[PDB]
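All remarks here apply to the structure that follows.
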RNA sequence: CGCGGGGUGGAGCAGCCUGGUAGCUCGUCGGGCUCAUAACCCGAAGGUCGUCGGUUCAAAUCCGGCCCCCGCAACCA
RNA sequence: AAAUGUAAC
Ligand SMILES: [Mg+2]
Ligand SMILES: [Mg+2]
Ligand SMILES: [Mg+2]
Ligand SMILES: [Mg+2]
Ligand SMILES: [Mg+2]
Ligand SMILES: [Mg+2]
Ligand SMILES: [Mg+2]
Ligand SMILES: [Mg+2]
Ligand SMILES: [Mg+2]
Ligand SMILES: [Mg+2]
Ligand SMILES: [Mg+2]
Ligand SMILES: [Mg+2]
Ligand SMILES: [Mg+2]
Ligand SMILES: [Mg+2]
Ligand SMILES: [Mg+2]
Ligand SMILES: [Mg+2]
Ligand SMILES: [Mg+2]
Ligand SMILES: [Mg+2]
Ligand SMILES: [Mg+2]
Ligand SMILES: [Mg+2]
Ligand SMILES: [Mg+2]
Ligand SMILES: [Mg+2]
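Protein chains in written order, with the authors' numbering: chain RQ, 1 to 141; chain QM, 2 to 117; chain QY, 97 to 355; chain RZ, 104 to 203.
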């Protein structure tokens, strides 16, 4: 699944989840988008489950665009160790997602297909989502 | 490169020295030394520059030598190889061409033995 | 005659050829090398990758064992009739009288079934039992449970450990030994299945029994399955033979088809 | 985008890279659209702004190398199996110090 | 999960620490002795140095991350 | 001070 091919540093501080998205808030490729309504670290497991959910609905046809990428390493200490002795090991990677980001985009597909695929994909994600379609507001960006 | 592109051995009789040219053998050696009237026994160190340019001018115009000769032989082989004749095929696979036996021998064409 | 009724898998897959000496000693091993050269002369005659993966040469030559992987389309379907004991009657390479000795060799033919490496510990079939350990440790052995005791419900293997103090260090060794028996018990039932099959094809009757006999006196290459006798040993025990297996393949259709 | 690309007939998808184009033109001269013939596009062929037939009085304001449309292969469940069993090499860390 | 040792031709080992050349034994191949095999004699072939990297002008070698393997440790309740 | 040669006169 999705993870950086290489990195400068193995482990990354957790940071914060303040505010609306920095960017990526408008539809830029497909006809419909799935927009995040609340902040979270989205795992590559969740991303790929949403993706597979969409292609397995389309069955054959369409095009999916994944606009978030999990580049942030996720760290966890081995089970049953005490505090200290350094930072835990990297167990996975997450994509930081804040309210308003277009996470996925679909094209080449009917409206009802796009509505249904993105809905099922929303059920694979740990946040509330909203389905949107391309607008003049999007094109004007 | 005195004559004719090659620097023929000095201290040697002119007839023998001339054979050190690609395209001139002993036969053509006795030929050019008659038609220029130069003693065949004389050493190349003992030639006159008159005789040198004399022997030079004749030899370089009567027969094809060194580079131009190599160019033709190759083209002659290049043609047989391109027209796809049996003679050509043998040249393309580096095998003997004059109907020689190849179960044994053929070492001059084939090269030293490749173990198996 | 509508040859289009019976079905068979494996016919197109890839086959192992295990040729071994039988009755005869060193001369028998010699003829095991003569047989392999034939399956190598013929596997080239349809363009089949014949790999050699195990063998044991005879002292005077040939092969005491020789095991090969013959790859290509239709490998097993062509060669499945070569399994058994092939008999020879010839003047050995080890006798100066010229007395004739009757030896035999054996051939195994197995199609490869997408081999192995597949199972891995999935939880729906595991009931894990936790409780308190047994022995020294003080009031901690008394209170903290920490003795993991797993039970693999489909296979029945129960490996159960109490060595390190934490049940999670104990969980690790419990899982890491269940696999060592889930794999051990499957690899047995597959190699127990590999010796029940092979023992039948080769047949202990390698004195003189099953398939073919090759006359070197008069050249009568015969297959006792049907009867068909011929003199093609020159053309068969020195090359391919894809056409002289055809009656053994054709008479084996009408064997199944007509009944 | 006038026409149905033949790649679309073969199962593909027309990715509409640009849905408009940047242009210098007079206000008295504003066209309503610019038609583009995409029916010739296979999987996966592309059109650029150089291929645009411009109406009179309108001048391209982007580089003609700018790509404007493409016909891409579709999503396919048949590929899911290889993608799920595709093993990924773990990320390499870029070396610092006496390693670089 | 700690600690410290290893992976180098087909098999078994050396080469590292003081970087530039990969060697030893058996084995494999071709030739001889013998009626023939072994043994013996002659000659020859054979290595991504576990990987992913890069240090250095230069890595089997030095230095990191990973994948295996070997030994030890895992105590006071 | 140097081994072996099975199995159909
Ligand atoms: Mg923090
Ligand atoms: Mg999380
Ligand atoms: Mg963390
Ligand atoms: Mg603890
Ligand atoms: Mg504590
Ligand atoms: Mg810590
Ligand atoms: Mg941690
Ligand atoms: Mg994770
Ligand atoms: Mg975001
Ligand atoms: Mg949700
Ligand atoms: Mg912008
Ligand atoms: Mg000459
Ligand atoms: Mg055996
Ligand atoms: Mg007790
Ligand atoms: Mg106590
Ligand atoms: Mg307790
Ligand atoms: Mg040693
Ligand atoms: Mg060692
Ligand atoms: Mg030898
Ligand atoms: Mg290393
Ligand atoms: Mg080196
Ligand atoms: Mg004590």
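Think of the CB as a built atom: it goes at the ideal place given N, C-alpha and C, for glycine as much as any other residue.
- Assigned with DSSP and collapsed to three states, residue 32 of chain RQ falls in strand.
- Per DSSP, residue 165 of chain RZ is not a residue of any beta strand (DSSP E), being assigned neither H nor E.
- The segment 17 to 34 of chain RQ makes contact with the segment 97 to 107 of chain RQ: 3 or more CB pairs, one atom from each, lie closer than 8 Å.
- For residue 2 of chain QM, the three-state secondary structure derived from DSSP is coil.
- Around residue 186 of chain QY, the same chain offers 312 as residues with beta carbons nearer than 6 Å, after the five sequence neighbours per side are excluded.
- Excluding its 5 nearest sequence neighbours in each direction, residue 190 of chain QY has C-beta neighbours in its own chain below 7 Å: 122, 123, 156, listed in chain order.
- The secondary-structure analysis by DSSP pairs residue 206 of chain QY across a beta bridge with QY:112.
- Remark: the C-beta of residue 237 of chain QY is outside contact range of ligand 9, defined as less than 7 Å to any heavy atom.
- Residue state for residue 61 of chain QM is assigned as helix, using DSSP reduced to three classes.
- Taken in chain order, the complete beta strand (DSSP E) segments of 3 residues or longer contained in the segment 280 to 332 of chain QY are 308 to 311, 317 to 319.
- Distance from residue 100 of chain RQ to residue 21 of chain RQ at the Cβ level is roughly 4 Å; contact confirmed, criterion being Cβ atoms closer than 8 Å.
- Within the segment 174 to 197 of chain RZ, the residues whose Cβ lies closer than 7 Å to any Cβ of chain RQ are, in chain order, 175, 177, 178, 179, 180, 183, 191, 194, 195, 196, 197.
- In the structure shown, residue 185 of chain QY falls within a strand segment according to DSSP collapsed to helix, strand and coil.
- Residue 114 of chain RZ belongs to the set of residues whose beta carbon lies under 8 Å from a beta carbon in chain RQ.
- When Cβ-Cβ separations below 8 Å define contact, residue 131 of chain RZ makes no contact with chain RQ.
- No Cβ-Cβ contact shorter than 8 Å links residue 203 of chain QY with residue 110 of chain QY.
- Interface flag for residue 123 of chain RZ against chain RQ is set, since a Cβ pair is found closer than 8 Å.
- For residue 18 of chain RQ, the closest alpha carbon among the candidates RQ:33, RQ:7, RQ:41 is that of RQ:41.
- Residue 58 of chain RQ reaches chain RZ at 178, counting residues in chain order whose Cβ is nearer than 7 Å.
- Counting every other CB atom within 10 Å of its CB across the protein chains shown gives residue 263 of chain QY a total of 16 or more, marking it as buried.
- A residue is called buried when at least 16 other Cβ atoms come within 10 angstroms of its Cβ; residue 114 of chain RQ meets this threshold and is buried.
- Nearest to residue 57 of chain QM by alpha-carbon distance, out of QM:82, QM:86, QM:30, is QM:30.
- For the set QM:12, QM:75, QM:22, the Cα lying nearest the Cα of residue 6 of chain QM is the one of QM:22.
- Take the alpha-carbon of residue 94 of chain RQ and the one of residue 185 of chain RZ: they are about 23 Å apart.
- Residue burial annotation: residue 54 of chain RQ is buried, with at least 16 other C-beta atoms found within 10 angstroms of its C-beta.
- A direct Cα-to-Cα measurement between residue 61 of chain RQ and residue 178 of chain RZ gives close to 5 Å.
- Around ligand 8, the residues whose beta-carbon falls short of 6 Å from at least one of its heavy atoms are RQ:43, RQ:74, RQ:91, RQ:92, given in chain order.
- The beta carbon of residue 57 of chain RQ is closer than 8 Å to those of 113, 116, 117, 120 in its chain, skipping five residues each way along the sequence.
- Closest option to residue 114 of chain RZ, judged by alpha-carbon separation, among RZ:174, RZ:202, RZ:183, RZ:163: RZ:174.
- Residue 89 of chain RQ sits in a strand when the DSSP states are folded into three classes.
- In this structure, the straight-line span from the alpha carbon of residue 64 of chain QM to that of residue 92 of chain QM is close to 26 Å.
- In this structure, DSSP gives residue 6 of chain RQ an extended state, which the three-state scheme calls strand.
- Beta-bridge partners of residue 225 of chain QY (DSSP): QY:245.
- Within the DSSP secondary-structure output, residue 197 of chain QY pairs in a beta bridge with QY:186.
- Between ligand 16 and residue 226 of chain QY, a heavy atom-to-CB distance of less than 7 Å is absent.
- Bounds of the alpha helix (DSSP H) holding residue 235 of chain QY are 235 to 239.
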